[PDB]
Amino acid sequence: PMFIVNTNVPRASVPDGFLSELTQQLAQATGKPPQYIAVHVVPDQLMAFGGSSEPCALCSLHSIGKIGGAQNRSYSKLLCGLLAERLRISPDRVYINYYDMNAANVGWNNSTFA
């Protein structure tokens, strides 16, 4: 799986341990091994949410399976919680796009997961 978070919060406000916490908690939540979890954090972005430049985040989580109604609500509670606690971003200023990827549509190690 891969998780990306784009935010206008400054890089200095990202705490030590963040990428590792995201990796471990997403491994727990998705049921996938941590060695297959990739994370990308993009601070200092020029963005607005509702026309306001208060802290916000636009994110995405891609996974082959383990994407659905209840699961996505669980991922959103987990991720909004981390973004609130660690980056001080209000949950109502976060959007997370979820993608259930077909294994044939994910390349890795010179081939695909199909």
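We number the residues from 1 along the sequence you see.
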property: Which of 95-103 and 21-29 has higher mean CA B factor, as the PDB entry lists it; result: 21-29
property: Mean Cα B-factor comparison, 32-40 or 54-62, giving the higher one as deposited; result: 32-40
property: Position of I89 among the chain's modelled residues by C-alpha B-factor, lowest, middle or highest third; result: lowest
property: Ranked C-alpha temperature factor of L83 among modelled chain residues, by third; result: lowest
property: Third of the chain, ranked by Cα B-factor, where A70 sits; result: highest
